[PDB]
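Indexing begins at 1, ligand by ligand and atom by atom, following the structure's order. No hydrogens, no waters, no symmetry mates; every other heavy atom, side chains included, goes into these values. In what follows, every chain begins at residue 1, and chains take the letters A, B, ... in the order their sequences are listed.
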Amino acid sequence: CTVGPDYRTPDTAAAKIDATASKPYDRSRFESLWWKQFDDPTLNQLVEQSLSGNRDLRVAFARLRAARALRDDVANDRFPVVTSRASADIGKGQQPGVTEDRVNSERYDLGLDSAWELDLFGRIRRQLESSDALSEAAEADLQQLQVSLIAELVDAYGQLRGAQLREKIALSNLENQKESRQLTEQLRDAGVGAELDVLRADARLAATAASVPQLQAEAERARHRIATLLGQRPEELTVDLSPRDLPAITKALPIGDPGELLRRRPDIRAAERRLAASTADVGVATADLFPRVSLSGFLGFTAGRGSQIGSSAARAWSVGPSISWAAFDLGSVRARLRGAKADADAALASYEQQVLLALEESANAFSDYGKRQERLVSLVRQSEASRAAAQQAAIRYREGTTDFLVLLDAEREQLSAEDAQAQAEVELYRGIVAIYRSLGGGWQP
Amino acid sequence: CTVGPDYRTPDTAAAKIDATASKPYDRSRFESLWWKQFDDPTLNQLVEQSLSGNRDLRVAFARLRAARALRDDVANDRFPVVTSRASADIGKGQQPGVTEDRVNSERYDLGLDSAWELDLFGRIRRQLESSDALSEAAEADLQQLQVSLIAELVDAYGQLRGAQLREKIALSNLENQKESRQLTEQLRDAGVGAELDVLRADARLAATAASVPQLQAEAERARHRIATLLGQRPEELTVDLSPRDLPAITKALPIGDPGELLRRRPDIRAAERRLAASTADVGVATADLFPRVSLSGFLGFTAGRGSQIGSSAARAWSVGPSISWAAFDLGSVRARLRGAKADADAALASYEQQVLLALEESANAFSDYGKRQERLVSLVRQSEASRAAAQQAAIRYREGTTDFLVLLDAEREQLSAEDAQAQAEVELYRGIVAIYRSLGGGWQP
Amino acid sequence: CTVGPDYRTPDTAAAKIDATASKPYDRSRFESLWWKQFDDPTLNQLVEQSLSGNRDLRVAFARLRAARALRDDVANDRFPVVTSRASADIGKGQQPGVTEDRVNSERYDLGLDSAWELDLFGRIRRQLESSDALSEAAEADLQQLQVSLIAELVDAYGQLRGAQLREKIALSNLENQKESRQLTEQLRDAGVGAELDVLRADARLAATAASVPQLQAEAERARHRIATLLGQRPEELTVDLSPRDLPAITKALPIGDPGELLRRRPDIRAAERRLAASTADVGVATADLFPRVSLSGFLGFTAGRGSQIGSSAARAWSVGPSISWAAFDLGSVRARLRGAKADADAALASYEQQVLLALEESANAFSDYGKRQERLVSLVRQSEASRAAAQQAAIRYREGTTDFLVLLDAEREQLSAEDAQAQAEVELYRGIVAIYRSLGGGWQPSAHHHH
Ligand SMILES: CCCCCCCCO[C@@H]1O[C@H](CO)[C@@H](O)[C@H](O)[C@H]1O
Ligand SMILES: CCCCCCCCO[C@@H]1O[C@H](CO)[C@@H](O)[C@H](O)[C@H]1O
Ligand SMILES: CCCCCCCCO[C@@H]1O[C@H](CO)[C@@H](O)[C@H](O)[C@H]1O
Ligand SMILES: CCCCCCCCO[C@@H]1O[C@H](CO)[C@@H](O)[C@H](O)[C@H]1O
Ligand SMILES: *C(=O)CCCCCCCCCCCCCCC
Ligand SMILES: *C(=O)CCCCCCCCCCCCCCC
Ligand SMILES: *C(=O)CCCCCCCCCCCCCCC
Ligand SMILES: *C(=O)CCCCCCCCCCCCCCC
Ligand SMILES: *C(=O)CCCCCCCCCCCCCCC
Ligand code: NA
Ligand code: NI
Ligand SMILES: [Xe]
Ligand SMILES: [Xe]
Ligand SMILES: [Xe]
Ligand SMILES: [Xe]
Ligand SMILES: [Xe]
Ligand SMILES: [Xe]
Ligand SMILES: [Xe]
Ligand SMILES: [Xe]
Ligand SMILES: [Xe]
Ligand SMILES: [Xe]
Ligand SMILES: [Xe]
Ligand SMILES: [Xe]
Ligand SMILES: [Xe]
Ligand SMILES: [Xe]
Ligand SMILES: [Xe]
Ligand SMILES: [Xe]
Ligand SMILES: [Xe]
């Protein structure tokens, strides 16, 4: 007999995300190794190294091992606990009721001690049920950490490429600006220009030059995040992170059925497991409303004289059946039961919150990614127009048919447009990461 | 007697906030349902729904129940703990003292077991005092969560309106810029224009177009945050969140006496409660320096033969008065007492820190709100001048009395001014939230 | 005898930071009171007030005392625990074995009760070894908090000066802009200007005016962070924070040998101590594979009649030697051992992660600081050219040889350049803080014979 509530997984409705029945997405398959679709061998090597080197991941494997070991101890409580012991009780004094003389008093015991709770109401079955569930929670915590780590690492590689891309855009615009500064000097020196043109050109050149070490600095913080995520020291990175293009995915994104997301996400499973364990804990406490039946035992040797221990004349056995019940202390048992009920309500609510946070993450990731595609189309147009404008403004300044401010302003806009477009490409890549993170991709799924 | 210190709430001086004798503020009343002053029924519905749906709030209620359950168990220790038992000791072997033959031996007991610590030094009174205080702390944690949740939600609604406001500003500027692009093409096509004007107009149009999906993306993240704060899935959100104006409060802000803030804030009460509990815990530990006086009992039946249990010939009673005192183990008792004293100093320091954090939050909220009002006055002036400038620049460009860059730049400034003004209005709304959060507004007892 | 693994500090290689062999840095000495290099008495007073008033620091000191007190209780388990008792047993009923009559029964005891676990396999020595290490971890947590707090406070002072600097730049640019607005009005009113010029001038003035209360607002948030970090209420600040220059260090930075950073960082020591404690806990669990030997005792008086307690005829004593061993419960003991092994692997990995996070912080702080110096050189050039451009554009606008946009744009760029430069100066100062934070500056490593 196993008292208290029988846990049932909640009847959690599947995710509905309408925005996913469109062209950017392929619901017909899900790609578990979602980062491989970027077709970037360097990224793939980063991820592989991270799975064997990351120290947080190592901690989580260890915690999983700890939880199994806890469970394994609790499972032995289903059986009698048979220990060994050699003891004595030696003294001199009165023996009240028997005599008022001070007599010597000796007793020796050697053998097996047995302690056994008969699990008639399932206190122990429930403890094991809880511990098994906490083991499964720990496995899910590990899987979630893997999902989180892969996403963080892929994202950081993106940021690194972004900084590299933007540095290259900044240096390229710096050269255009150097050419222009040089033209303002030439015109001024030939008597058909102005110091005012050279000054403004210098100021703009220095502004653009100032962005370079900023961008390099962000690249270096990203390289350094990557090294830690790999379990590697900053100066000991194995993998060559020299500049390459920001990866892209041109096929529609294999996102599977978004209805499956709540079943795929390990954080959801972890919190469901904790709910199951907490529900079993109600059982544990509920069992204390009923009597506790135990059976102690001794098998070995008992004697008044040490010499006899081990011999036939000292053979002994004893059996200690016991039934106890809280009786007038039932109020206390009820208080602990209320406590366990409260903890299980906490766990339920906490599970529900994770479900909601997960649906929120996915809804954001999909809404973002679609908008980021739209935005990019406009930014690409801005860049094209800007490049063309600055080209023409350069020709006109050179020829004497437009003021320097026209060229200055067109150059500012070209840089500003090309930079924003790159940032937006990085955003798109990061949005891909957020989608897969939110779907629970990357643990074996 | 009740040993150890008698807790007294610290004499914490009232908050002094001088900036509040200004006319932005009404110290003559405080409005508990502070969000209702925005006169936004949609906001009011959100708040009411969140109080019944939010899952973090559910967790906190459950933790409150857990703490009451702990307290209820402790309270029973003021009374004797009277449990029930049926036991036996059955076996064969020597009986030291009595005989060296291996004899059969039986003993049966059935009745009530009684255990009572008498509480002469108040160890138990103090345990209960601590537990009651931790219950009040848990109630205050819940109330603080209510304050935090309401503030987060109101703030998020503000962000949502902000994104919607800014989208509308971006679309309105997009129309002006579309008209301009069209004018540059027209003038070019009519032989009094230039390709360079069309290109720059295209670039600027695309830039403005690009901002729209960004702002929509932010609107969607805010919609989704609102749904979770309500305890709802994103696609189930009941409330119509289609655009409306960012709410405003035109009367002076009813902020009450700022010297009441520390009494109103539940976080301060929670930390004060934990301090009270920790002070009682010093009492608990201090009691262990004194003797512990207890009284055990048995009432029921005892017999050498199973047959007799229940009969008057097996009636039994016993009574076990006992006094113990740590004696040579006083060093251990002292170490635990030092430990409890240390924990109480931690709690005191931690209470003081919450006081300081609260005064910091308050002082920031008031400093900010005044500055945000000032800043807005300038931004409103900037917007007006900018719109006028761009209107006139458009007239002049069309007429042939100013270059396109003059119109371009005036259009950029109009958008930049109108968007900054909107952001600043959002800031002002959020400043209102920060004031009320910091004053401890919005909780139920 | 002491059982289970004998802890050894891991053989952690020294930090390698190559970028530190260059001339921004002086590796020949380290300054532990690293903020004093700024030669700012106001900053020095803030830091001193913080060390005596900050409440987080007080919390952490208290937690350190709690952990020592826990350890002191555990230490007494190496010795017999000798308590005292006065008790009685009174009742009426059968005495199984002896009689089936219901007899009256009385008994009185007064004396010393003794309990002693003899630490033959070191279960207790190991518990103490763990507890001592957890105390050292708490000491190191406190020291790390001190490092973090000092850094936070110095950083905040920098942000405060930054806000004050930028306000001053904004007001100064506001004055230039007022002069220009006045010129647009004059030219318009004298028949050779344009309303369009006055309107754009007005818009820009309002933009610049709008920045002032924002910057003042940041100054006030900073003042308030500083007050809490000092343990002070916002309106009760002891130190005068009225505007002064952002401090600067002209000497190359005394950063010592970066290969001594992992030894100096308290967070690294804290994690190493938790590793040591965890390793000792393996010992504790390993001891349960062996027998446990105990010895109980009683010495005092026992009697059937209350009157006799205290007299020679009621003298009593007993001794309770005992040895137990898990026997068929060894699988449970093994499960606990595997558990403790798992926790020690967790702790090792956690120690290693802290090492890596520390190397990452250090490497970022040095990469940043170098880059921030370079960036500043360019921003200074931008400011100079911009100031000059705006002067010339003003001359040309006055002449009737440009539209006002030329002057407007030059003025925007001047403000934008001077503001960016100031932010970048603040960045450099904050990068100094990040270096010292990451090196473990601001606590006293050689205090307490070190260990
Ligand atoms: C008056 C004389 C009485 C004689 C009684 C027999 C003595 C018991 O002596 C016993 O001998 C064993 C080996 O033989 C040992 O293993 C036991 O531990 C020992 O105590
Ligand atoms: C208060 C915690 C630290 C004090 C350590 C010394 C013991 C203090 O114990 C004191 O002695 C008396 C006992 O009857 C009582 O009257 C006091 O109220 C009690 O607290
Ligand atoms: C009333 C009968 C009890 C016998 C005397 C009690 C001994 C109390 O003595 C205690 O021993 C502690 C640790 O060993 C010492 O540190 C304390 O100074 C002392 O309080
Ligand atoms: C683990 C050894 C027991 C140590 C108790 C030592 C108490 C002193 O702790 C000290 O406090 C200061 C701030 O409060 C820190 O700067 C010191 O570095 C720290 O050692
Ligand atoms: C809920 O109360 C269920 C109680 C179940 C008791 C189960 C006992 C199983 C042992 C079966 C052995 C049969 C003969 C073998 C003798 C050792
Ligand atoms: C759970 O208790 C519900 C009641 C119905 C289940 C029946 C199980 C019968 C068990 C009898 C146990 C007595 C054993 C005592 C040995 C010392
Ligand atoms: C100091 O001397 C304390 C004063 C209070 C009396 C102390 C004795 C125990 C009080 C517990 C209250 C309920 C006990 C009822 C017994 C059935
Ligand atoms: C391992 O088997 C332990 C052997 C137990 C023998 C008893 C030792 C008597 C105590 C010596 C005192 C030394 C003090 C050092 C304190 C760290
Ligand atoms: C310290 O002195 C080392 C003692 C040497 C060991 C012998 C003690 C016998 C007790 C039985 C322990 C069995 C361990 C089982 C593990 C697989
Ligand atoms: Na109780
Ligand atoms: Ni020390
Ligand atoms: Xe044994
Ligand atoms: Xe330029
Ligand atoms: Xe930088
Ligand atoms: Xe047994
Ligand atoms: Xe411009
Ligand atoms: Xe019972
Ligand atoms: Xe019984
Ligand atoms: Xe029994
Ligand atoms: Xe809420
Ligand atoms: Xe435009
Ligand atoms: Xe976007
Ligand atoms: Xe005593
Ligand atoms: Xe500090
Ligand atoms: Xe201006
Ligand atoms: Xe502001
Ligand atoms: Xe700050
Ligand atoms: Xe012993």
Side-chain angles (χ1 to χ4, degrees), chain B residues 1-8 19 24 119-123 125-126 129 278-291 293 325-326 330-331 333-345 364-380 382 420-421 423-432 434-435, chain C residues 60-61 64-65 67-69 71 132-146 163 166-167 170 207-222 264 266 269-270 272-273 443-451:
Chain B
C1 74
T2 305
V3 124
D6 291 331
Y7 174 66
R8 291 232 334 182
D119 214 25
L120 300 179
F121 304 92
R123 200 195 130 69
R125 214 161 303 118
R126 292 297 191 201
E129 179 197 342
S278 95
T279 302
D281 295 344
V282 165
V284 173
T286 298
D288 288 343
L289 297 168
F290 297 87
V293 179
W325 180 61
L330 263 184
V333 164
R334 282 203 237 273
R336 290 182 289 280
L337 174 56
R338 283 180 244 134
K341 282 187 185 160
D343 298 326
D345 296 333
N364 291 347
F366 286 110
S367 105
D368 282 359
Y369 177 75
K371 295 313 174 184
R372 284 166 194 190
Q373 282 178 327
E374 292 182 43
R375 171 156 149 104
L376 185 58
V377 169
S378 288
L379 293 171
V380 163
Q382 183 196 2
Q421 178 179 332
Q423 285 179 71
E425 290 162 351
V426 173
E427 290 266 272
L428 190 81
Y429 170 112
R430 302 179 64 190
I432 292 166
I435 288 185
Chain C
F61 188 48
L64 163 63
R65 282 168 48 215
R68 293 303 294 163
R71 170 268 169 214
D132 274 329
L134 293 175
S135 275
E136 301 176 298
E139 183 175 51
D141 285 344
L142 160 63
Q143 290 151 350
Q144 176 62 24
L145 177 59
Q146 190 176 115
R166 290 166 73 202
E167 170 179 10
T208 300
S211 76
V212 176
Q214 202 155 244
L215 297 157
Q216 293 170 337
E218 299 180 24
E220 291 302 299
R221 283 197 289 290
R264 206 186 296 101
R269 185 93 121 167
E272 189 273 335
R273 292 296 72 207
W443 69 291
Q444 294 304 146
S446 80
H448 300 162
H449 313 279
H450 319 253
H451 318 133

Worksheet item: Hey, which atoms in ligand 2 end up nearer than 4.0 Å to a heavy atom of B:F290?
Response: 9 (O), 11 (O), 13 (C)

Worksheet item: Which ligand 2 atoms are under 4.0 Å away from a heavy-atom of B:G4?
Response: 1 (C), 20 (O)

Discussion item. Under a 3.5 Å cutoff, is there a donor and acceptor pairing between the side chains of C:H451 and C:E136?
Written reply: no

Fill in: Residue C:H451, metal the Ni ion (ligand 11), N/O/S under 2.8 Å
no

Worksheet item: Any N/O/S of C:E139 under 2.8 Å from the Ni ion (ligand 11)?
Response: yes

Worksheet item: Which residue and non-hydrogen atom of the protein lie closest to atom 6 (C) of ligand 2, and at what distance in Å?
Response: B:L289 CD1, 4.2 Å

Fill in: atom 2 (C) of ligand 2: the protein heavy-atom neighbour that sits closest, reported with distance to 0.1 Å
B:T286 OG1, 3.0 Å

Worksheet item: Checking side-chain hydrogen bond (donor to acceptor under 3.5 Å, both in side chains) for the pair C:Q216/C:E167: CA distance, chi angles, key distance, verdict?
Response: CA-CA 7 Å; C:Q216 293 170 337; C:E167 170 179 10; 2.7 Å; yes

Worksheet item: Would C:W443 and C:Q144 satisfy side chain to side chain contact (heavy atoms under 4.5 Å, CB included), going step by step from the backbone distance to the final call?
Response: CA-CA 8 Å; C:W443 69 291; C:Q144 176 62 24; over 6 Å; no

Discussion item. Checking the side chain of B:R375 only, and the main-chain atoms of C:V212 only, is there a donor and an acceptor separated by less than 3.5 Å?
Written reply: no

Worksheet item: Quick check: does any side chain N or O of B:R125 sit under 3.5 Å from a backbone N or O of B:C1, one acting as donor and the other as acceptor?
Response: yes

Can you check [atom]: any protein non-hydrogen atom closer than 4.0 Å?
{"atom": "atom 8 (C) of ligand 2", "result": "no"}
{"atom": "atom 4 (C) of ligand 2", "result": "no"}
{"atom": "atom 16 (O) of ligand 2", "result": "no"}
{"atom": "atom 20 (O) of ligand 2", "result": "yes"}

Worksheet entry | the Ni ion (ligand 11) - name of the N/O/S atom of C:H448 that sits closest to it | ND1

Practice prompt. Before giving the answer on salt bridge (charged side-chain N to carboxylate O under 4.0 Å, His left out), spell out for B:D281 and B:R336 the whole-Å C-alpha distance, their side-chain angles and the decisive distance to 0.1 Å.
Written response: CA-CA 11 Å; B:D281 295 344; B:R336 290 182 289 280; over 6 Å; no

Discussion item. If the threshold is 4.0 Å, N to carboxylate O, is there a salt bridge linking C:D132 and C:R273?
Written reply: no

Discussion item. Does B:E129 form a side chain to side chain contact (heavy atoms under 4.5 Å, CB included) with B:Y7? I'd like the steps, not just the answer.
Written reply: CA-CA 10 Å; B:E129 179 197 342; B:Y7 174 66; 4.2 Å; yes

